[PDB]
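The structure appears below as structure tokens.
Residue numbers (PDB author numbering): 1 to 492.
Below, the structure is given as structure tokens:
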């Protein structure tokens, strides 16, 4: 049951036209995203302001909780909307309420620990109840991606306040808020999460799927990004010694991510191994949609990101191709798709959205899979950068994008093919990347509920929606796909 849910009234998806669907859904999915955020001006005006529910599903399954990860990822979508529009003050108020609630949750003792523990050990706690109290039941704790994604989101709001709102906050003359300046947010809310990541990046915790403990590519990547991005924030508040702590730590984590201690880059299999400890146990072989979701979250197109493992990395793109090819054979629903297809979490998954049997494809994974080729095209065309295709990725490009012997007849004798910006083949490759990305959004249009809401999962046989209803992260993933598609279609 999902008692709180309110459909977008008298809307029904049009399944006959992708273009019309994406134009309309841009508004519809934002309505469903904002419905799950408490803020006085919103639909969810009875919750504690700044609370993000993962889903209105309160049973079968029960996802009516606030997780640090889903709240942060939700607000990266809110931030993109704030950046693209006029620093809309309604949306900015919602971000400041989330910053305030985040301050309170940081200071809430829970089963992971408390704020006064070494390097604020309680900040690894994955989820809290909707009234802001601790979740005391057994859970896969800690999860060390959450404080990194929260630190990145709130850092990014400070950069936008400085650049779009002349350095001013929107909730300054309010008595309900626990900060009165950008420096207060940095010292009191951003720094404590970056201290957590400095203290605990080389420590064991649970992955983003909340299932296994050990080394995880996504977790380390989103930590590296939070630290790197915060360097210039810290400098701006005259926190120079901490800036250089962050710089040094970010470089150290970069080396860990790309070396044999981390174990994620596996040149025996030539793809990323998302969870290397489960490869040692022989329990999973390493393919996971988290391998390309992390790259996408950590390289927003509106930044000039230094951080490693963008989606043009050969081992990330090989994990993406090999998961695609797995899922096209694995899920019967995908028999009528010849390009993109419905994608799940990892090939070994047994979670069926409300128990264990056989895993299913996920709407969020499918929406991120559209973003991979959209970003490859956008990064080339927007900047007039050449496209360089490494030999490990030739099979992917020949099967789905372009025949590489039509570009260079001797390509199999070289280690890479470089397609030059401006050339006719470059325009073909970029348009074919976009059309490939659209094929994943066509899968979503085939199987979305008629009311425009997105569940967590779609059944592997039929494609009918299943699991948690109107999952906030699903809505967000589709909104970011539509955003990237409109940005690259505006260049042609």
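No residue lacks a Cβ here, since even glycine has one placed at the ideal position from N, Cα and C.
- If you look at residue 474, you'll find it in the alpha helix (DSSP H) that goes 472 to 489.
- Under the DSSP definition of a beta bridge, residue 390 partners with 416.
- Counting along the chain, the unbroken alpha helix (DSSP H) around residue 83 starts and ends at 68 to 84.
- Annotated as distal: residue 200 and residue 271, with beta-carbon spacing of 7 Å or more.
- Taking the CA atoms as reference points, residue 48 sits about 35 Å from residue 346.
- In the three-state reduction of the DSSP assignment, residue 351 falls in the strand class.
- The residues 287, 347, in chain order, have a CB closer than 7 Å to that of residue 326 in the same chain once the five nearest residues on each side in sequence are set aside.
- Per DSSP, the beta bridge partners of residue 272 are 265.
- DSSP places residue 134 within a strand segment (E or B) once states are collapsed to three.
- Under the DSSP assignment, residue 197 falls in the alpha helix (DSSP H) whose first and last residues are 191 to 200.
- Separation of the CB atoms of residue 59 and residue 153 is rounded to 30 Å, and the pair is thereby denied contact status at 8 Å.
- Assigned with DSSP and collapsed to three states, residue 291 falls in helix.
- In the structure shown, the three-state DSSP call for residue 124 is helix.
- The beta carbon of residue 273 sits closer than 7 Å to those of 263, 264, 266, 279, 286, all from its chain and outside the five residues before and after it, given in chain order.
- With fewer than 16 other CB atoms across the displayed protein chains lying within 10 angstroms of its CB, residue 10 is exposed.
- Secondary-structure assignment with DSSP links residue 62 through a beta bridge to 58.
- Shown here, residue 161 sits in a helix according to DSSP, grouped into three states.
- DSSP links residue 362 through a beta bridge to 457.
- About 6 Å separates the CB atoms of residue 337 and residue 443; that is less than 8 Å, so the two are in contact.
- Note that the C-beta distance between residue 231 and residue 311 is not below 7 Å.
- Within the same chain, and ignoring the five residues on either side of residue 72 in sequence, the residues whose Cβ sits closer than 8 Å to its Cβ are 146, 149, 150, 152, 153.
- Check the Cα spacing between residue 466 and each of 122, 179, 246, 360: the tightest is with 360.
- The Cβ atoms of residue 317 and residue 385 lie no closer than 7 Å to each other.
- Taking a cut-off of 8 Å for Cβ pairs, the segment 213 to 225 and the segment 290 to 301 touch, as three or more such pairs fall below it.
- Going by beta carbons, residue 415 and residue 399 fall outside the 7 Å limit.
- In summary, residue 196 is buried, with 16 or more beta-carbon neighbours lying within 10 Å of its beta-carbon over all protein chains present.
- Here residue 457 has 353, 360, 362, 466, 467 as same chain residues with Cβ atoms under 6 Å from its own Cβ, once five neighbours each way along the sequence are excluded.
- Residue 134 and residue 109 do touch by the CB rule: their CB atoms are close to 7 Å apart, below 8 Å.
- Residue 420 is classed as exposed because its beta carbon has fewer than 16 other beta carbons within 10 Å across all chains shown.
- Between the alpha carbons of residue 202 and residue 124 lies a gap of roughly 13 Å.
- Remark: C-beta atoms of residue 366 and residue 440 approach each other more closely than 7 Å.
- Counting C-beta atoms within 10 angstroms of its own C-beta, residue 450 has fewer than 16 neighbours from the protein chains shown and is therefore classed as exposed.
- In terms of Cβ geometry, residue 243 and residue 228 do not form a close pair [threshold 7 Å].
- The residues 54, 55, 57, 468, in chain order, have a CB closer than 7 Å to that of residue 63 in the same chain once the five nearest residues on each side in sequence are set aside.
- Taking 8 Å as the upper bound for CB-CB distance, residue 470 and residue 186 are not in contact here, some 34 Å apart.
- Close CB contacts of residue 281 within its chain, under the 8 Å cut and outside five residues either way in sequence, are absent.
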